[PDB]
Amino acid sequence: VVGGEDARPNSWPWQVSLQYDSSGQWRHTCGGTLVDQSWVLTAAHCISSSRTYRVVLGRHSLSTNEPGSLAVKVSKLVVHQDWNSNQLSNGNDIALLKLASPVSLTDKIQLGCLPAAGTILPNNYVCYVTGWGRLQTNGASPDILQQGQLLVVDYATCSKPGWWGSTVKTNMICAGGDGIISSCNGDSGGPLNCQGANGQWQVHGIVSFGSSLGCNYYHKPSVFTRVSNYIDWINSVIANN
């Protein structure tokens, strides 16, 4: 996250680290959200069928084995069937990962709540992106979970040709776009968290893409997969695997 700050420890208890095996080291590559005791939600672009995956849960520092943090092997990968890696701007950038065994819920490890089907956030809605990605474009990755505040930019604005133009579809969410705060490489797959009308935190987006001009860029909002578009698919995959 560029332009953000350290999260409070364990305050985003659904946030996952998605890691792969790199030459006998476990290496962070994407974020994710725990969405059921057996399933993590993430971005399809984070998945290669050739890598091997584990998920780390209940974490704050990526390098410290903190008490009550947990690594679990990932055993099944389910990418959205309409995802095309060669057409990232079509959307459908979504994947569900099955854990080898269910996690027990705790104070540090909780489920992230999804919005109703079809829910659209209005312009300037307040949300927060979280992750262990880069702190600036091509710069450092933190050890500690960051968060950053991002306001929703609605479709009508974000599709303008000064913004993303036609890169952006109604199956995505735009947030940010001031050039101060953004997601960045390494935040991919993790949550856009927005608090619903009754206090509750919900995960509305999955970090998908930013601009080749830079992670933080005026009138290039960070783009997210819109979770309220796949509620039905998420539940089918879970019932059927």
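Heads up: residue numbers just count along the shown sequence, starting at 1.
- Mean CA B-factor, 150-158 versus 75-83: the higher value falls on 75-83.
- As listed in the deposited structure, the average C-alpha B-factor of 110-118 and of 89-97 is greater for 110-118.
- Going by the entry's values, 64 shows the largest Cα B-factor out of 29, 38, 64, 183.
- Across the options 33, 216, 208, 198, the residue with the most elevated CA B-factor in the record is 198.
- Compared with the other modelled residues of the chain, the Cα B-factor recorded for residue 54 ranks in the middle third.
- Sort the modelled residues of the chain by CA B factor and residue 202 lands in the middle third.
- For residue 70, the recorded CA B-factor ranks within the middle third of the chain. Only modelled residues enter the ranking.
- Annotation for residue 10: CA B-factor lies in the middle third of the chain's modelled residues.
- For residue 170, the recorded CA temperature factor ranks within the middle third of the chain's modelled residues.
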